[PDB]
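A quick write-up on the structure given underneath.
2 protein chains.
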Amino acid sequence: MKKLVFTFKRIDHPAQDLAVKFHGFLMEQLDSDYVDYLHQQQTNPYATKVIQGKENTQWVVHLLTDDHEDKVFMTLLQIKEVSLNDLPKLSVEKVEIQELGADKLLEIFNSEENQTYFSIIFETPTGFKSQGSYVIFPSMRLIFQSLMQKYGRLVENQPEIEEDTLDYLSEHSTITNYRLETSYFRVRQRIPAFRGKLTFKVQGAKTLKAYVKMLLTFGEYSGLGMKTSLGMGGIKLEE
Amino acid sequence: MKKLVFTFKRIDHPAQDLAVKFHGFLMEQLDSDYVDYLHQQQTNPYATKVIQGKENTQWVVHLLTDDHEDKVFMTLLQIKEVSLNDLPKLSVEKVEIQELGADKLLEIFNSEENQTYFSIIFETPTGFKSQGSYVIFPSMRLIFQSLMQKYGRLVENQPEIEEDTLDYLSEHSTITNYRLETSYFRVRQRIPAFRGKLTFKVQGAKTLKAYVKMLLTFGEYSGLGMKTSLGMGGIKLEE
Ligand SMILES: [Ca+2]
Ligand SMILES: [Ca+2]
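Listed in order, the protein sequences are those of chains A and A'. A prime marks a further copy of an entry chain.
Here the first sequence stands for residues 1 to 187, 189 to 240, numbered as in the authors' numbering.
Here the second sequence stands for residues 1 to 187, 189 to 240, numbered as in the authors' numbering.
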């Protein structure tokens with residue numbers, strides 16, 4: 001999987017609305033026939049983010065599958081100038097490239113440092129769709145389910161996940177600390194979501210805790226929950 | 001009901017631990033035989049708070065019943081100097097007195113201004129005991145239940161509440177916004194609790210919304226949830 005970070009001179013505009021606009025610009029680069037293909041799965045092979053800085057603005061694009069990477073990676077590198085609505089033509093100052101393959105993930109598993117406590121940071125508005133209406137309070141079952149689904153569909157090409165494992169992961173995980181707040185994401190239907198940081202503990206074998214760490218490490222690329230392609234659900238597993 | 005606010009020169013000490021210490025000092029003033037009586041109900045006729053300020057420290061004591069007020073009110077007024085463990089002898093600079101009776105509550109009901117949105121501020125660590133273990137994420141059912149129980153036991157002398165009303169109040173209330181964080185209260190067993198602010202909307206008749214406003218206004222005195230007498234569950238309904 002690939003992680004591309006486009007750096008612009010600091011853009012004075014509400015970050016959440018850039019993410020939606022950047023997503024539109026991104027679609028205008030791909031073959032329209034290929035775009036319609038992306039609209040026919042529960043999970044897209046890409047996730048985007050927008051991080052505002054003190055002196056810069058960063059557009060993050062995650063390539064999550066090899067097939068998607070094969071047809072898109074070169075195109076994204078050619079990008080030097082971006083033009084969005086109501087905004088002056090943007091110039092790409094830098095482009096960073098990081099990669100996350102099986103070698104790094106498997107390394108995470110057999111690590112000498114096995115974590116019991118895990119701190120998740122919700123950089124962008126994160127939401128879940130459960131039992132009809134939306135969700136404003138995150139739960140471990142919803143977090144693990146979204147990641148297990150995203151992982152199963154993208155790298156294993158399997159429609160459904162192991163419910164016993166989801167039960168097992170939820171029974172042994174418990175939120176201990178959090179600092180959260182509401183944050184609505186505009187797609189223009191306002192979508193309810195949350196933002197901030199939480200901490201949970203895992204009680205069990207080191208083989209279990211390793212799977213959690215891997216699932217979270219993978220999550221930093223795919224994003225967590227709803228509308229990850231539009232800029233939602235950007236997470237970060239702190240050291 | 002009475003609201004006494006004791007003002008000291010700013011005390012350099014963790015506010016949550018003062019609340020526990022002040023509670024001990026408060027018990028050392030009452031008849032030991034009368035103290036044992038307080039330990040024999042699910043709800044105490046008093047609630048305490050500790051609010052840290054920039055230049056002052058405020059000790060709040062709520063008298064919730066007439067009988068408790070009759071035997072305690074005069075004693076609390078005589079207090080000019082307070083001595084707690086590991087602390088220099090404290091001197092009472094001021095003492096403020098406010099009252100909340102049926103006249104103010106009934107006034108709240110027939111108000112010309114009927115609220116749909118309600119913002120609750122959790123000044124001190126608030127916790128609920130539900131289905132065995134504790135609770136870190138507040139819910140409208142837990143909030144209304146605690147207040148309905150506290151109100152029913154204190155002014156109506158009724159052991160249980162109307163479950164249909166609790167169902168009715170929960171079905172029509174919905175959290176829309178919040179800014180919350182974990183905050184453990186030390187009683189020394191660490192008790193998990195939350196802190197901050199939330200906002201919920203009420204969908205229904207004005208008679209329903211008036212009952213909610215009254216219940217919340219009453220809640221500013223009794224406190225919300227667990228261990229209100231020890232300094233927990235101090236709330237504030239903003240204008
Ligand atoms: Ca990381
Ligand atoms: Ca008030």
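A virtual CB, placed ideally from N, CA and C, is assigned to each residue, including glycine.
Among the candidates the options, whose CA atom is the shortest distance from the CA of residue i?
i: residue 42 (chain A); options: A:121, A:3, A:158; result: A:158
i: residue 188 (chain A); options: A:107, A:145, A:228; result: Position 187 is followed directly by 189 in chain A, which means residue 188 (chain A) is not present among the coordinates.
i: residue 182 (chain A'); options: A:178, A:119, A:162; result: A:178
i: residue 155 (chain A); options: A:14, A:102, A:52; result: A:102
i: residue 66 (chain A); options: A:58, A:120, A:14, A:1; result: A:1
i: residue 111 (chain A'); options: A':235, A':218, A':229; result: A':218
i: residue 188 (chain A'); options: A':38, A':4, A':208, A':86; result: Because chain A' is numbered from 187 directly to 189, the model contains no atoms for residue 188 (chain A').
i: residue 133 (chain A); options: A:38, A:194, A:118; result: A:194
i: residue 185 (chain A); options: A:64, A:11, A:109, A:128; result: A:128
i: residue 52 (chain A'); options: A':37, A':166, A':30, A':13; result: A':13
i: residue 120 (chain A'); options: A':213, A':27, A':10, A':46; result: A':213
i: residue 59 (chain A'); options: A':236, A':40, A':8; result: A':8
i: residue 205 (chain A'); options: A':168, A':3, A':15; result: A':168
i: residue 240 (chain A); options: A:114, A:74, A:80; result: A:114
i: residue 90 (chain A); options: A:100, A:99, A:79; result: A:79
Got a sec: is the Cβ-Cβ distance from residue i to anything in chain A below 7 Å?
i: residue 188 (chain A'); result: For residue 188 (chain A'), no position is available: the coordinates of chain A' end at 187 and pick up again at 189.
i: residue 110 (chain A'); result: no
i: residue 179 (chain A'); result: yes
i: residue 188 (chain A'); result: Absent here is residue 188 (chain A'), because the residues of chain A' run from 187 on to 189 with nothing modelled in between.
With the cut-off set at 7 Å, would you say residue i and residue j are in Cβ contact?
i: residue 188 (chain A); j: residue 50 (chain A); result: In this structure residue 188 (chain A) is absent; chain A steps straight from 187 to 189.
i: residue 25 (chain A); j: residue 72 (chain A); result: no
i: residue 23 (chain A); j: residue 48 (chain A); result: yes
i: residue 135 (chain A); j: residue 6 (chain A); result: no
i: residue 95 (chain A); j: residue 231 (chain A); result: no
i: residue 175 (chain A'); j: residue 201 (chain A'); result: yes
i: residue 215 (chain A); j: residue 109 (chain A); result: yes
i: residue 161 (chain A'); j: residue 152 (chain A'); result: yes
i: residue 170 (chain A'); j: residue 148 (chain A'); result: no
i: residue 223 (chain A'); j: residue 64 (chain A'); result: yes
i: residue 180 (chain A'); j: residue 180 (chain A); result: yes
i: residue 69 (chain A); j: residue 10 (chain A); result: no
How would you label residue i, buried or exposed, when you count the other beta carbons within 10 angstroms and need 16 or more for buried?
i: residue 221 (chain A'); result: buried
i: residue 44 (chain A'); result: buried
i: residue 125 (chain A); result: buried
i: residue 61 (chain A); result: buried
i: residue 150 (chain A); result: buried
i: residue 34 (chain A); result: exposed
i: residue 227 (chain A'); result: buried
i: residue 229 (chain A); result: buried
i: residue 145 (chain A); result: buried
i: residue 234 (chain A); result: buried
i: residue 77 (chain A'); result: exposed
i: residue 97 (chain A); result: exposed
i: residue 32 (chain A'); result: exposed
i: residue 197 (chain A); result: buried
i: residue 46 (chain A); result: buried
Could you check whether the Cβ of residue i sits closer than 6 Å to any heavy atom belonging to ligand 4?
i: residue 104 (chain A'); result: Ligands displayed in this structure: ligand 1 and ligand 2; ligand 4 is not among them.
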